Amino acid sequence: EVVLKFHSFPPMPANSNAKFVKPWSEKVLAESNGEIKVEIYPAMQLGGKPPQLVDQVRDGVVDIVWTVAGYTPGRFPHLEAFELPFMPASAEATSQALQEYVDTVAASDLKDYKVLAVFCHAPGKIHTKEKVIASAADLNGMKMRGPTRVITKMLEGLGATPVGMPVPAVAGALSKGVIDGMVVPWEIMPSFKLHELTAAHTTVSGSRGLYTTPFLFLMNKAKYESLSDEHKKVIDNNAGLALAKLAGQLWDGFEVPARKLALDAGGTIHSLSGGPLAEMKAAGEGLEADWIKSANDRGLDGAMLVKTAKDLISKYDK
């Protein structure tokens, strides 16, 4: 028998716990004949703040985490390419691209970990208390939260006043008036009542959404290596590209009931197209160039990685 401590930051009802890690842990339990017992500790119930999850799992404080790579800026630099404006397709396609990326050119970012899967959410949307965002001009004077440095840089480039924080902090920041809105996918909003604190929502039309941010589903490497071969087989049956694809599918589905809750809460939904959308995509091109420059300075082939991300997403967007 083997107990594995799972740690993450969203509360237990959030989809990442209730509809991803919980059923994952049930599959692992059953397929190991009852021997691998994953204990789920949501809401940072084992101590620390969300950026510390990667340290905890790297160093063996806990055995498994689910987290957002960019909550620790610069720590997973290859994955930043997938955060660039108008990079993502569905979460299903983009998650498969992310996992193949990590399996190949981006492997050094995660060499200190056992990768269960790297995946992402459906492209995020723009949420504000009251102001409809119909063009970049509407972001002027709006204090807008993003989840990572790359996404706050996007918000800067679109004309907003950028603020960063992990998602559990967003509701309190809205309540106190220190932000006017945020970017998130739909699916995370009900877990923090974010759809009751914002009434205006903007999405984008076409084949690529505004942005996504990579999630990390990681196991302590030493702990994985210490497992018996039969236990490793169970974990690996529940890992890799097939898991990244499954996670992406699930995250695409998670948007649907959450969007409905936002509409039932009185929200507007505006879809950018035409000129207003093209203006944002043009700003996105400049932000790609900014990122390539930052990647080059850090010893990465920024241009190669951006093209790789695009080509992998195209590969799986079928």
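Residues carry their position along the shown sequence, with the first being 1.
- Query: Looking only at CA atoms, which has the higher mean B factor in the entry: 182-190 or 129-137?
  - Reply: If you average the C-alpha B-factors of 182-190 and of 129-137, the larger mean comes out for 129-137.
- Message: Mean CA temperature factor from the deposited coordinates, higher in 226-234 or in 97-105?
- Response: Taking the mean B-factor of the alpha carbons in each, 226-234 is higher.
- Sort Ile269, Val54, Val62, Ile292 by C-alpha B-factor from the entry and give me just the highest. The record points to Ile292.
- Entry-reported Cα temperature factor of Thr198, expressed as the chain third it lands in: According to the entry, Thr198 has a C-alpha B-factor in the chain's middle third.
- Among the chain's modelled residues, which third holds the C-alpha B-factor of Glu156? Tercile = middle for this residue's CA B-factor.
- Query: How does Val115 rank on Cα B-factor within its chain, lowest, middle or highest third?
  - Reply: Middle third - that is where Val115 ends up once the chain's C-alpha B-factors are sorted.
- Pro42 by Cα B-factor - lowest, middle or highest third of the modelled chain: CA B-factor rank for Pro42: lowest third.
- Among all modelled residues of this chain, ranked by Cα B factor, put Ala69 in the bottom, middle or top third, i.e. lowest, middle or highest. Its C-alpha B-factor belongs to the lowest third of this chain's values.
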